[PDB]
Structures are given as structure tokens and as C-alpha cells.
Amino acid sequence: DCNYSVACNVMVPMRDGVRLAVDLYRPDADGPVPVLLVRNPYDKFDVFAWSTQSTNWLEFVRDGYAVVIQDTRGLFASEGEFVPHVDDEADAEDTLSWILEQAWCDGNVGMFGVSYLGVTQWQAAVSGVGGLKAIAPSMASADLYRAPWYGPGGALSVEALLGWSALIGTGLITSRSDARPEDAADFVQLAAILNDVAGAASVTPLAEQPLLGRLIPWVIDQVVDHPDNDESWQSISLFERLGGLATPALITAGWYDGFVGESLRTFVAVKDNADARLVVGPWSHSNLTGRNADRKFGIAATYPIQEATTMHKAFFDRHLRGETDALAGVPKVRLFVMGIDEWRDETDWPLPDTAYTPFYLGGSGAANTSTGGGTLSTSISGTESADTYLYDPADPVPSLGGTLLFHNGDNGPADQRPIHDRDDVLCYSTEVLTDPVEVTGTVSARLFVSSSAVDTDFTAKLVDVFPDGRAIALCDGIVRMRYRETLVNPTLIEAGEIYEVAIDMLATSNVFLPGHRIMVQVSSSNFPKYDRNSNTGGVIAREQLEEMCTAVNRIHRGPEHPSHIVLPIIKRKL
């Protein structure tokens, strides 16, 4: 009982002859066992780095599962050349096939892990390997354009790209056969990016990346050079294949995690054909403590690694060991509901009784700044008005919290007061609430907009205004106007024309308590969460700052232009 062994650097041959290195954690007892696979680009040896964001998975080994941790192609002990995403479907298929052949595998395989270690699970799931009985993708996406590299709005997630590239670059250099003379200087420059991601993202043209483009050509060749959701992106997208799967998936997400919109969409895609589970906490990608600079969610909000381990084991016991009652009492969906700051079980996501309710932009006078006249109401505004501002790419609105990954990515529920005085931040608020209002679900806005430019962006951010004045970010999104109708086949806009556009603001779960207000901020930038629109209609990543243009942008509101945010309202009295 409990006892196990660990075999290092077992070489697994891929279909092209390149061998990937794995470590095998195998129970000492005789007879084949169910097996769990983790595919990792950050050194399979370095288990402490990621495991605290996942599970106490040695419990799985002690309980009689084998665990295989693999170095992805071209990194650490593995052979070959590393390129993000493009080899992971085939390498996962070949690795699963190898596992299933082994003396110690009983024909049942699962996977678990977070972020890149989650994405690789969707890539495995589409392989058609029958022996893969369940996956557990945490903080993951099945559409790499939509998360983490661009988004549903068609703006580049520039801090995500530069930060991750710098991190991997540090790993690529550490992985080296033999130390190179330039390595020391490269480390220094990578550290400089990671200490100042907004600074790195501010260089123009963005596509000129001497360091990152040399260490990882993909950064430019794939990501920066393909701003449209084109054939290059579809080739690594899994999402359209998810509907045809019948693989149980234990999906974890975080309200302030860069992958959240796409994590949730995977749950919706797979729930009808297999046993899907969902757990969503109030976490960002680098902060799963539940504690932030101006917002504390309580100790219950800390990533519940013991409970997660128990749930994963129950899930794998059901699907890999055929224990039909193993998930008895386990909810389908479990959400950390902010505001009340409590975990709560649900039967589905979206929640069954969600009332998708328009809250209309209104008010007397200009809505510019937090001291403007901007209102939100469930009633349509009676008078036609417009709020106008200048968006200058040289002075974008700074990103504060939200779903930042690498640039200040540890303060999701950030206080927005530092940007409230900006004339390009339009604010609309409800009256102070006397009764609680729960907003739990996907969130979007429909805005009537116009611009002096042939392209620009519009942003929308949902905010909980506390009694003491803290204006806490909840969720946000962007629409890049050339992609207002399609991410695939963009077209420019006509200056001065009014367009009705949708902004995908991902999702949240928050009870706005009595004494609070519901607030929305509208602008045309959110940098470096998203790169800045040049307002030219050009190839944005190839433009110098000085050739970018300012734009006079307009939000129209009234009876004939009923701009609004759609809130997923949950009303519970019992």
C-alpha cells in the first residue's frame, strides 16, 4: 500500500522517430493500473512549480494510479524542436498509444494539469484514442486565437504574448545542450521584459522583436503576423471538434484568468455528450490566493487544493476505474460567487434560470469620467444623446486587473479609481442598490458607436462600486472594429457612420450587495491587456507610433440607439 517508484527519463518514440522524455510514477503493487498523463513544457522534473495550482497528485499515485509526466518536444530531456501547439496533437496521440502498450497500464488513461498542461489535454482528446477515458483541463482553452493570444474581439493580447515568450525563452536557454556566450545577456534582456511588460509592449513597430523573434520565431511568424482568425489558427483550433467528443472533462477556471471565456465555452461544448464538471474560483493566472491589493475573498477562496485532489480522484475513479457511485454528492457545477464571497453548487452553466437583462446607458450631460452624468437603468433612455472622447494611441487607458496574465497579473479585482479621471473613460452607474443584484453568467454589451477613423477599438468593463469608493473590476472585453462582424474576413468602417457592435465581456459571478452600485466603463483602449489600435486601418503590428492617428470616438445612447450591457441576472428568494 502507498509505496511507489519513480523512473526518470524513459524515452518514448514519436511517429517521426523523435523521442520525448517521461518520468514514470508507478505503484509498487503488481498488476496493471490506470494511468494519468501530464504534458509539460516547463520541465517534468519541476513538479513544485505547477502542482500547487492543480492537485496533490501524489495522492493519486499512493491510491494506485500511475502518473506519467512528459517534457514536450524540444524542451529539457526531450529530443526534437519546440514550437508552441503544432506538435501536441500528434505527440499526445503517440504518447497515449505508448502508455496503453505498457505492462503496467490497464487500458484506462486520463490527464490533468493547468494552462499549457490543460490545452494539451484538448489536443489529446481529439486524437480518437479510445483508451483516453477522461481529462481534467484547468485554466485551458480549445481555441488558441480566442485565448490566450487574441480574443473574441480581435485584438492581440500583447502582454500575454510577450510575457509567455520571455518565460519560454528563459526555459529554451536553460534547456540548452551547451551554454552559449550570448546566453547571459539574453537572460538579462528576458528579465527586463518580465519586469516591464507594458514597456516591452510599447515598442513600435510591435512586430520587430530582435530578442524574442530570435529565440522563438513563432512569436512573430505565427502570432503577430496573423491578426485575422485565419487558416493558420484553425489548424491548431480544437473547438469545433469538441461537440463530437464523448470524453468526460473536469474543467477548472478562474474569473480573473486569461483563459476563462474559453475554459467556460469548453464546458458548454462537451456537457451534453459526456460527464462534464465545472469549478470556477476568483483567481488570476498568477494569483490563486484569494487575496488582492484592494479585495480579499476570504480563506475559502484560496485555491482548495485538498478538495480539488479529492474531486479529481473521485472523477478518475468513476471514469478510469468504473466505480459507478464515485461521484455521488459531487455537484455538476461549483462556483465561487463573489460579493457574498461563497462557494455555491449549481446544476448547469449557464445557470438554468438566467434572465439576460439589458441595462441601458443614459444620463444628463456627458458621461466622461466617474464624476460625469452616466447612468445605467433597466429602462430605455428617453432622450437621444452621445458621449464623445479623443482616443490617442500614444496615451492608451492602462490595464488594471481583469484577466492580465503577465503584466501585473496578480490583482484581478483591481480598484479602477486611478483611471476614473480620464476623459476617455466613460462611466455609467446604477443608483446605490437597496437590494442585492446577482450577476452570474456570460456578459456582453451592445453599443451604438461611431468614429472619425476607419478603424478603432471599443472596450467595456463591468465594475462593482463599493461603499468606501473602491471601484472593483469584474469582467471586460474589447471589439476591434474591423472585426465587428467576423474575426476571419475583416472590413473597415466609414468615418462618422453609426454601427451597432457587440463586445464579449467573458463571464463573472458577483452579487452586488446593498450599498453598492453596478458600473460600466466604456473606452477605446486597455493596454497592454490588448494592443493599441492605430486608428489607421493598417497592419497595426507593423506601424510606428508616429504614423498612428488619434480618433474622436462616440457612444450613442437613447431610444433609437439603445446602447446597453446585457447582465445575466439570477434572482433567488427561497
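In case it trips you up, residue 1 is the first one in the sequence shown, and so on.
Chemist: When the Cα temperature factors in the entry are averaged, is it 78-86 or 103-111 that ends up higher?
Modeler: On average, C-alpha B-factors are higher across 78-86.
Chemist: State which stretch shows the higher mean Cα B factor in the entry: 313-321 or 152-160.
Modeler: So the stretch with the higher mean C-alpha B-factor is 313-321.
Chemist: Between 274, 269, 197, 439, let me know which has the highest C-alpha B-factor in the entry?
Modeler: Largest recorded C-alpha B-factor: 274.
Chemist: Tell me which of 420, 291, 480, 285 tops the list for C-alpha B factor in the record.
Modeler: When the deposited C-alpha B-factors of 420, 291, 480, 285 are compared, 420 is largest.
Chemist: For residue 565, return the chain-relative third of its C-alpha B-factor as stated in the PDB record: lowest, middle or highest.
Modeler: Answer is lowest: the recorded C-alpha B-factor places it there.
Chemist: State the tercile, meaning the lowest, middle or highest third, of residue 225 with respect to the CA B-factors recorded for its chain.
Modeler: Ranked within chain, residue 225 CA B lands in the middle tercile.
Chemist: Splitting the chain's C-alpha B-factors into thirds, which one does residue 59 fall into?
Modeler: Its C-alpha B-factor belongs to the middle third of this chain's values.
Chemist: Lowest, middle or highest third: where is residue 31 by C-alpha B factor in its chain?
Modeler: CA B-factor rank for residue 31: highest third.
Chemist: Using only modelled residues of the chain, where does the Cα B factor of residue 130 rank: lowest third, middle third or highest third?
Modeler: Within its chain, residue 130 is a highest-third residue by C-alpha B-factor, going by the deposited values.
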